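Engineer: Structure incoming, see below.
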Amino acid sequence: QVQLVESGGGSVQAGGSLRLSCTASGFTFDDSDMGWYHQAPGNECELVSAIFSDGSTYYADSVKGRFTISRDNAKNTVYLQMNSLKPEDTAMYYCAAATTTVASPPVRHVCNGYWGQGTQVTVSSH
């Protein structure tokens, strides 16, 4: 079974940084396009960044230049390096074998915690 385990969230001040990790067991990870999604209270489940199985990437416009997604197939892990954090980045972050931005049942399920518990990111104003 696809099981994702997110970690690396935290509570930081604006301008700070975090590195999220997502370990994948139970599926052909190396063949999967992987995404990081996020949701703050009242917001939709939105894709932050995707890394396709070919190693190319997609970034939401709001995080381009601040966040970097990567994967280590040998460790079945996806990472999200988050620099220059902003209060608006505050959210639960979830990993998934999903890489689309469109609100659809598969995407909504991600931020509902269908595949993993997520990791909390809280960024406080200075």
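Naming works like this for the structure tokens: A, B, ... for the chains as they're shown, residue 1 at the start of each chain, ligands 1 onward in shown order.
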Excluding residue A:3 and residues on its chain fewer than 5 positions from it, collect all residues at most 6 Å away from it, counting only C-alpha atoms, and give them as a VMD selection string.
Structural biologist: chain A and resid 24 to 25 115
Engineer: Near residue A:37, within 8 Å and counting only C-alpha atoms, which residues show up once chain neighbours fewer than 6 positions away are dropped, as an MDAnalysis selection string?
Structural biologist: chainID A and resid 45:49 93:96 110:111
Engineer: DSSP on the backbone: which residues in chain A end up as alpha helix (DSSP H)? Give the answer as JSON, numbers by chain.
Structural biologist: {"A": [105, 106, 107, 108, 109, 110, 111]}
Engineer: Select, from A:124, A:21, A:39, A:56, the residue with the minimum atom-to-atom distance to residue A:75, counting only C-alpha atoms.
Structural biologist: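 Checking each of A:124, A:21, A:39, A:56 against residue A:75, counting only C-alpha atoms, the winner is A:21.
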Engineer: Between atom CA of residue A:106 and atom CA of residue A:23, what distance in Å does the model show, to one decimal?
Structural biologist: 19.4 Å
Engineer: Separation of atom CA of residue A:60 and atom CA of residue A:80, in Å?
Structural biologist: 12.9 Å
Engineer: So, with only C-alpha atoms as the atoms that count, which of A:40, A:77, A:126, A:33 lies closest to residue A:112?
Structural biologist: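 Closest candidate: A:40.
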Engineer: Do you know which residues are at most 6 Å from residue A:34 counting only C-alpha atoms, after dropping those on the same chain fewer than 3 positions away, and could you put them as an MDAnalysis selection string?
Structural biologist: chainID A and resid 50:51 96:98
Engineer: Would you pick out the contacts of residue A:84 at 9 Å or less, using only C-alpha atoms, so that residues sharing its chain but fewer than 2 positions from it are not included, and give the list as a list in words?
Structural biologist: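 My reading of the contact set: residues 14, 15, 16, 17, 66, 67, 82 and 86 of chain A.
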Engineer: Quick one: write out the picked residues with N, CA and C atoms as a PDB file, in the first residue's frame?
Structural biologist:
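What ended up in selection22.pdb:
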ATOM      1  N   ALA A  14       9.321  34.502   9.990  1.00  0.00           N
ATOM      2  CA  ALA A  14       9.389  34.910   8.597  1.00  0.00           C
ATOM      3  C   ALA A  14      10.850  35.100   8.228  1.00  0.00           C
ATOM      4  N   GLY A  15      11.211  34.597   7.057  1.00  0.00           N
ATOM      5  CA  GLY A  15      12.573  34.627   6.571  1.00  0.00           C
ATOM      6  C   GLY A  15      13.359  33.373   6.871  1.00  0.00           C
ATOM      7  N   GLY A  16      12.808  32.506   7.716  1.00  0.00           N
ATOM      8  CA  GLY A  16      13.494  31.280   8.096  1.00  0.00           C
ATOM      9  C   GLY A  16      13.395  30.184   7.048  1.00  0.00           C
ATOM     10  N   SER A  17      13.845  28.986   7.412  1.00  0.00           N
ATOM     11  CA  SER A  17      13.891  27.869   6.478  1.00  0.00           C
ATOM     12  C   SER A  17      13.538  26.555   7.162  1.00  0.00           C
ATOM     13  N   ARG A  66      12.216  30.198  -4.086  1.00  0.00           N
ATOM     14  CA  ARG A  66      12.328  30.043  -2.638  1.00  0.00           C
ATOM     15  C   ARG A  66      12.434  28.588  -2.219  1.00  0.00           C
ATOM     16  N   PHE A  67      11.707  27.706  -2.917  1.00  0.00           N
ATOM     17  CA  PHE A  67      11.676  26.291  -2.573  1.00  0.00           C
ATOM     18  C   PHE A  67      12.361  25.463  -3.655  1.00  0.00           C
ATOM     19  N   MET A  82      12.747  24.591   1.882  1.00  0.00           N
ATOM     20  CA  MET A  82      11.923  25.794   1.917  1.00  0.00           C
ATOM     21  C   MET A  82      12.732  26.936   2.506  1.00  0.00           C
ATOM     22  N   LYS A  86       7.475  32.632   4.439  1.00  0.00           N
ATOM     23  CA  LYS A  86       6.562  33.743   4.617  1.00  0.00           C
ATOM     24  C   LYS A  86       5.381  33.276   5.443  1.00  0.00           C
TER      25      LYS A  86
END
